[PDB]
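Now for the letters of each chain:
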Amino acid sequence: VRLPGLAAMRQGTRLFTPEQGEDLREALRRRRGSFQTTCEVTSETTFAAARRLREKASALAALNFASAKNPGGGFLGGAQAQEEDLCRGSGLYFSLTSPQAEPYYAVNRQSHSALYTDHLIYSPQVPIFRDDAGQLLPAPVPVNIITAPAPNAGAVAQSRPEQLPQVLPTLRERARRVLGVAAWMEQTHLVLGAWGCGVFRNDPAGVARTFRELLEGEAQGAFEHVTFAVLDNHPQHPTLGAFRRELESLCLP
Ligand SMILES: Nc1ncnc2c1ncn2[C@@H]1O[C@H](COP(=O)(O)OP(=O)(O)OC[C@H]2O[C@H](O)[C@H](O)[C@@H]2O)[C@@H](O)[C@H]1O
């Protein structure tokens, strides 16, 4: 008994390949300067912020902090993983397992680099069915989802230390492509966050500054509103705190 909205989502799912990198930058150029971009850092989950923004804006997309190699990351290592949260509360997994998304996983596996490749998946109108607590929503809230894997810094450290200088450059260019996909699909509202900063062991300050520099440069004014929704259950909030400090100059009113 296939849930409503999932067929259209799977059908509409789209693969972006590394060779489309220049078209993704063209999308950014087309959208730059469209808005006086506002942004904020919150302690919300991805879907809580998405649900909040979706009530004001239809053209809303959220970033999935994706595995490169298995849809939903195989649900291994802990449910404290953002992609697992996304796949337990929405139709995302049925999108990520679509046939047209297959090369993302095949090529990333064949790559044998923990930097991974610049494949991205765009899932349109993924219905969110449940809230943060697993309770049913009064109505499913469909959001667009951009799936891209941050480079796996922790794996790089253990296997190819000579590639450690390429982790942040890889992160930066793939983040640019994430924004390019949103620009290509004319998204006005984005939910970003601490991409690569948990399981993949990237430094949160460096990730926050990477997004800030893109929003001040090649992605300047391309979006109407960006929320950095950073779940951080540690009482000292080292990850939320890093994003708040690196993005404060930007996200002031
Ligand atoms: N629902 C959530 N919403 C918003 N932020 C979250 C959420 N959950 C965690 N965070 C915060 O975001 C930070 C990073 O969340 P992470 O999920 O580790 O993303 P990664 O890119 O480093 O690892 C991706 C792998 O982990 C998965 O297994 C995938 O399948 C991949 O294999 C966390 O530390 C939290 O501060």
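Note on numbering: every chain is counted from 1 along its sequence as written, possibly out of step with the entry's scheme, and residues lacking coordinates are dropped from view. Excluded from the side-chain calculation are hydrogens and water; included are all heavy atoms of the structure.

X-ray crystallography is the method the PDB entry states for this structure, with the resolution given as 1.972 Å.

K.L.:
Account for the packing of aromatic side chains, with residues named and values stated.
P.N.:
Under the pairing criterion, centres of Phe, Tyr and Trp rings, with the six-membered ring standing for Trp, must be within 6.5 Å; the plane angle then separates stacked pairs below 30 degrees from edge-to-face pairs above 60, leaving the rest tilted. Summed over all chains, the structure comprises seven aromatic pairs. Both rings, one in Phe 75 and one in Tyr 93, keep their centres 6.1 Å apart while their planes meet at 55°; by these two values the pair is tilted. Residue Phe 75 is found in the loop between β3 (60-65) and α4 (82-89), and its partner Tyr 93 is found in helix α5 (residues 92-96); the two are separated by 18 residues along the sequence. When the ring of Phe 228 is compared with that of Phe 243, the centres are 6.1 Å apart and the planes differ by 50°; the resulting orientation is tilted. Placement of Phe 228 in strand β7 (residues 225-229) and of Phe 243 in helix α10 (residues 238-251) is noted, with a sequence separation of 15 residues between them. Residue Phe 228 shares its accessibility class with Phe 243, and that shared class is buried. Both a distance and an angle decide whether a charge sits over a ring: NZ of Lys or CZ of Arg must be within 6 Å of the ring centre and within 35 degrees of the ring normal. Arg 10 extends its terminal NZ or CZ atom over the ring of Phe 94, reaching a point 4.1 Å from the ring centre. The numbering of helices and of strands both runs from the N terminus, where a helix is a DSSP run of H or I of at least 4 residues and a strand a run of E of at least 2. Buried, partly exposed and exposed residues are distinguished by accessible area as a fraction of the type maximum, computed with a 1.4 Å probe on protein chains only: under 20%, between the cut-offs, and over 50%, respectively.

K.L.:
Would you mind going over the site of the ligand in detail, with residue names and values included?
P.N.:
The criterion for a residue being near a molecule or strand is simple. One of its heavy atoms has to lie within 4 Å of it. Near the ligand lie 20 residues; those nearest to it are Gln 82, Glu 83, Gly 198, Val 199 and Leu 231. Pairs of N or O atoms are called polar contacts if they sit within 3.5 Å, as long as, within protein, a hydrogen donor faces a hydrogen acceptor (for residues adjacent in sequence, only side-chain-to-side-chain pairs). Take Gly 198: an N or O atom from its main chain is 2.8 Å from an oxygen atom of the ligand. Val 199 is positioned with one of its backbone polar atoms (N or O) 2.8 Å from an oxygen atom of the ligand. If one sorts the elements of the shell around the ligand by residue count, α4 sits on top with three residues.

K.L.:
Just give me the short version of the state of the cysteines, but keep the residues and values in it.
P.N.:
The criterion for a disulfide is a pair of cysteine sulfur atoms lying within 2.5 Å. Tallied over the full model, the rule gives one disulfide. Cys 39 shares a disulfide with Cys 251; S-S distance 2.1 Å. Taking the sign of the torsion about the S-S bond as the criterion, the disulfide between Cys 39 and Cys 251, at about -110°, is left-handed. Highlighted residues: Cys 39 in strand β2 (residues 38-42) and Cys 251 in helix α10, separated in sequence by 212 residues. Using a relative accessible area of 9% as the deciding quantity, one classes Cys 39 as buried. By relative accessible area, which is 16% here, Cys 251 ends up buried.

K.L.:
Which residues make up the side chain of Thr 170, and what values do they have?
P.N.:
Topologically, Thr 170 is positioned in helix α8 (residues 167-184). Apart from residues lying up to four places away in sequence, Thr 170 is in contact with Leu 115 and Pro 151. Residues are treated as being in contact if the distance between any of their heavy atoms lies within 4.5 Å.

K.L.:
Account for the side chain of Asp 232, with residues named and values stated.
P.N.:
Looking at the secondary structure, you find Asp 232 in the loop between β7 and α10. The contact partners of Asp 232, leaving out residues within four places of it in the chain, are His 237, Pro 238, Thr 239 and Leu 240.

K.L.:
If you had to explain the packing of α8 against helix α9 (residues 204-216) to someone new, which residues and values would you point to?
P.N.:
Helix axes are fitted only over the stretch in contact, all axes being lines through C-alpha atoms; the angle between N-to-C directions runs from 0 to 180 degrees. Taken N-terminus to C-terminus, the directions of α8 and α9 make an angle of 45°; their axes are 10 Å apart at the nearest point. The pairing of α8 with α9 is recorded here as oblique in orientation. Here α8 and α9 pass one another in a crossing that is right-handed. In this structure, α8 contributes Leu 168, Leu 171, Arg 172, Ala 175, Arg 176 and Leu 179 to the contact, and α9 contributes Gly 206, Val 207, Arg 209, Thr 210, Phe 211, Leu 214 and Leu 215. Classification convention: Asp, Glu, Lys, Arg as charged; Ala, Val, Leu, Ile, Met, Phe, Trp, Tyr, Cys, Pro as nonpolar; all other residues, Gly among them, as polar. Here the contact of α8 with α9 is built from residues that sort into eight nonpolar, two polar and three charged. Convention used here: angles under 35 degrees read as roughly parallel, angles over 145 as roughly antiparallel, angles from 65 to 115 as roughly perpendicular, and any remaining angle as oblique. A crossing counts as left-handed when the near helix is turned anticlockwise from the far one by less than a right angle, and as right-handed when that turn is clockwise.

K.L.:
How would you explain the pairing of β3 if you had to name every residue and give the values?
P.N.:
Burial of β3 is extensive: five of the six residues sit out of reach of the surface. DSSP bridges decide pairing: two strands pair if at least two such bridges lie between them. Relative to strand β6 (residues 189-192), β3 runs parallel, the two being bridged by three bridges. Opposite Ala 61, over in β6, you have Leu 190 as the bridge partner. The pairing of β3 with strand β5 (residues 136-148) spans five bridges and is parallel. Bridge pairing in β5 links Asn 64 to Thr 147.

K.L.:
Can you tell me about the environment of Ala 153, naming the residues and giving the values?
P.N.:
Of note, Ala 153 is situated in helix α7 (residues 153-159). Each C-alpha atom of the pair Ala 153 and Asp 118 lies 16 Å from the other, and the pair is 35 residues apart in sequence. Sequence-distant contacts of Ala 153, that is, excluding residues within four places in its chain, are made with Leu 164, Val 167, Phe 200, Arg 201 and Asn 202.

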